[PDB]
Amino acid sequence: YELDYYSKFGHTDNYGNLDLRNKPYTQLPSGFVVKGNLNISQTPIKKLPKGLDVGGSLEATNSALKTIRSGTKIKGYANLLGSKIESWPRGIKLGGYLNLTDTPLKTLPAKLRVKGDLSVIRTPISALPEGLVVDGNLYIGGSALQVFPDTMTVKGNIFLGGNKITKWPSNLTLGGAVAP
Amino acid sequence: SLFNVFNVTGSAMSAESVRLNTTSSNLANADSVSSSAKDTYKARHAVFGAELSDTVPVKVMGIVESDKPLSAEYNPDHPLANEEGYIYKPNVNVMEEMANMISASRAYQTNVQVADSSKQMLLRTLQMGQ
Amino acid sequence: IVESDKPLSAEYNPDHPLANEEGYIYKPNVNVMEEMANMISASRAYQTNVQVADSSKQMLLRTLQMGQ
Amino acid sequence: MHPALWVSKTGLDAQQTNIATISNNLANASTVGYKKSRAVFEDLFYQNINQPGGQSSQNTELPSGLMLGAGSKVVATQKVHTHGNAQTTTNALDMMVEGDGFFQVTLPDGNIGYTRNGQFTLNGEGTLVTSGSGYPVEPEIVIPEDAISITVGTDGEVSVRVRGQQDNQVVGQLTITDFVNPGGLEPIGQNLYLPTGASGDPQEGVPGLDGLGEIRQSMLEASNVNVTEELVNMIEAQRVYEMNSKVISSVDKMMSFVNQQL
Amino acid sequence: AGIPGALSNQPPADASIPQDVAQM
Amino acid sequence: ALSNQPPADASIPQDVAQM
Amino acid sequence: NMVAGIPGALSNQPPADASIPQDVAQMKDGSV
Amino acid sequence: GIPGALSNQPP
């Protein structure tokens with residue numbers, strides 16, 4: 001079934017964080033607003049509603065989340081560890097890091113900006129989008145990436161983690177170090 | 001060897017200490033409506049795990065929070081009350097914490113006996129050759 | 001090493017996130033009373049063989065003194 | 001944990017939910033149109049211990065066929081929809097259903113909510129709404145401002161009295177929804193219920209035909225809670241709670257004797 | 001790995017991925 | 001395990017925003 | 001450097017509970 | 001020297 005207004009109230013804390021862990025909810029109403037953090041870990045939710053607003057961070061670790069629609073506003077970070085997300089939509093306003101470890105993610109939006117750290121660890125992604133900007137640490141360990149785009153920006157450390165990079169960006173300014 | 005018993009039993013001594021501290025924080029936060037970190041505390045549990053990697057030490061793999069819904073109480077005049085007027089309190093269950101308190105103490109003390117038992121065997125093994 | 005054939009100890013706890021459909025968490029089939037007895041039996045039997053091995057060396061040492 | 005500790009803890013947890021269920025019933029002892037809930041206990045899974053697997057029958061009375069249960073739990077807070085008494089009041093907008101049937105109100109999120117409480121009133125526009133949050137009552141009944149009296153018939157036929165015109169004008173008609181399984185309704189507070197899969201599709205109709213109840217004006221339905229039943233339930237639940245605590249204390253003392261004597 | 005919902009002891013920052021927990 | 005530098009202390013703030 | 005402070009109940013408290021004197025809490029970092 | 005220590009001599 002689907003979450004109602006009264007069922008929403010029974011999964012909210014004092015400061016306004018929605019906890020849906022292991023709960024049997026399949027879809028959320030459109031134009032959904034959360035006062036604080038949102039947790040949809042281990043949920044059978046396969047799609048996030050259009051116009052979704054989260055006043056905190058989105059937690060979807062080891063969930064069945066697959067599709068996020070554009071226009072979603074997230075003030076905190078996005079944690080989609082172990083979910084079933086295959087692509088990242090364009091135009092997501094993310095106020096924090098993006099953790100996509102152990103996901104079937106294949107494609108990323110062009111010129112994507114991550115205000116925090118980025119993770120593509122053990123993902124089947126083949127190539128990073130052109131003009132990528134990362135303000136934190138980039139972990140690509142165990143992924144299928146082997147060629148970086150012509151231009152990219154990482155303001156922290158770059159962790160190869162084991163994968164072999166052969167074509168480095170022509171224009172790259174690094175605020176940290178590169179680790180294998 | 002008999003020294004591996006000390007590593008295995010010693011790991012359980014630390015393991016049961018983690019669960020005791022987690023229970024202590026649960027008992028002390030059973031009536032705390034507010035919390036720094038913008039999160040209404042929820043009951044935490046230490047999930048043990050055998051690290052097979054003969055001798056199988058026990059390791060704490062991380063603390064996990066309770067899945068029970070928070071206890072909602074209608075307190076309309078509280079500053080933390082929502083529009084409907086309900087304030088939410090942690091889902092700490094007193095009875096399970098008391099049961100965890102007993103089990104953690106009983107398991108902690110029986111690991112001391114095994115370490116003591118292995119100690120005597122090593123001392124006798126050293127008396128051979130003298 | 002062989003695992004025991006005793007059925008796992010089932011506990012009703014629809015709060016642990018690692019539970020199942022019926023709210024059951026299965027726990028190891030370890031019996032404390034049989035572990036205490038094994039601890040007593042293992043320690044005593046281990047130290048008994050220390051005495052036999054230690055006394056065996058004495059017999060070997062006395063053999064070297066034959067004819068002296 | 002020794003299994004006896006957790007088996008006793010299930011009884012403590014089960015009785016704890018029973019106390020909370022009883023406490024809510026006594027809290028709503030004056031709520032109009034309230035239905036008492038009771039906690040239902042059932043035994044948990046029974047496990048063969050002295051057998052490697054669940055060998056069917058085969059000497060159940062012998063030590064090989066020993067079976068130990070896992071405790072008890074509260075399986076459902078069953079709603080008892082017994083008809084309550086009648087509260088005769090002088091208000092002209094509070095109404096009562098005699099028998100099976102529910103009032104239908106319009107919830108803000110679009111779906112309709114079903115209530116047994118009859119404390120209704122009017123809003124600024126004259127629509128018949130509830131006296132709590134103010135939800136409109138289905139079907140919409142608008143009262144003209146020229147009306148000097150309101151009459152609600154035995155089948156929801158609402159009439160008004162207009163000065164300068166004999167005979168009462170009909171301004172609408174009420175309906176009451178019936179369900180096959182009243183206990184399957186989901187309570188959402190505010191004396192409201194929602195239809196679930198266990199309840200069934202709503203059955204609407206005129207209040208007084210098709211087996212439905214009849215609308216009584218200037219009446220209310222008192223809560224059907226039996227305060228003596230709750231007090232008797234409290235006595236038993238408290239005693240069972242204390243008994244299972246002794247078993248937990250007994251197991252701990254036995255375990256204390258083991259690693260201390262040995 | 002192991003448990004899926006382990007916590008993190010580091011203070012919230014919302015910008016750095018917590019490496020205290022086994023994030024795999 | 002061991003390390004070549006002292007571990008940091010523990011922070012117990014009444015408001016995490018001010019650390 | 002020398003590190004010191006009040007042991008026991010007073011130190012095993014959150015800093016908000018100002019049981020520990022301010023200068024003694026300074027010593028708990030480093031001194032020379 | 002612990003700043004502000006009590007002494008052990010009549011004030």
# chains A, B, ... in the order shown; residues from 1 in each chain; ligands from 1
$ residues_around --residues "residue A:35" --least-positions-apart "2" --cutoff "9 Å" --atoms "only C-alpha atoms" --output "list in words"
residues 15, 16, 17, 18, 33, 37, 38, 53, 54, 55 and 56 of chain A
$ write_last_selection --atoms "N, CA and C atoms" --output "compact mmCIF listing (two decimals), in the first residue's frame"
# COMPACT_ATOMS: atom_id res chain seq x y z
N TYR A 15 12.09 16.35 16.05
CA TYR A 15 12.61 17.39 15.19
C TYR A 15 12.20 17.22 13.73
N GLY A 16 11.42 16.18 13.41
CA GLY A 16 10.82 16.04 12.10
C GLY A 16 11.59 15.17 11.12
N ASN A 17 12.05 14.01 11.56
CA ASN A 17 12.76 13.07 10.69
C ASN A 17 11.88 11.84 10.48
N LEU A 18 11.63 11.50 9.22
CA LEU A 18 10.77 10.38 8.87
C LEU A 18 11.59 9.10 8.82
N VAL A 33 7.07 16.78 1.60
CA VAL A 33 8.00 17.64 2.32
C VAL A 33 8.33 16.99 3.65
N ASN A 37 15.63 14.75 8.35
CA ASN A 37 16.21 13.67 7.56
C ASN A 37 15.14 12.66 7.15
N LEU A 38 15.39 11.99 6.03
CA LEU A 38 14.50 10.97 5.50
C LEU A 38 15.24 9.65 5.41
N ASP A 53 10.67 16.92 -1.28
CA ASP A 53 11.51 17.85 -0.55
C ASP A 53 11.93 17.21 0.76
N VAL A 54 13.23 17.24 1.05
CA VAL A 54 13.78 16.69 2.29
C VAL A 54 14.54 17.81 2.99
N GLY A 55 14.11 18.14 4.21
CA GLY A 55 14.80 19.15 4.99
C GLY A 55 16.10 18.69 5.61
N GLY A 56 16.39 17.40 5.55
CA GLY A 56 17.64 16.86 6.05
C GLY A 56 18.37 16.04 5.01
$ select_by_dssp --residues "stretch 4-34 of chain C" --states "strand (DSSP E)" --output "list in words"
residues 9, 10, 11, 12, 24, 25, 26 and 27 of chain C
$ atom_distance --atom1 "atom CA of residue C:4" --atom2 "atom CA of residue C:25"
18.6 Å
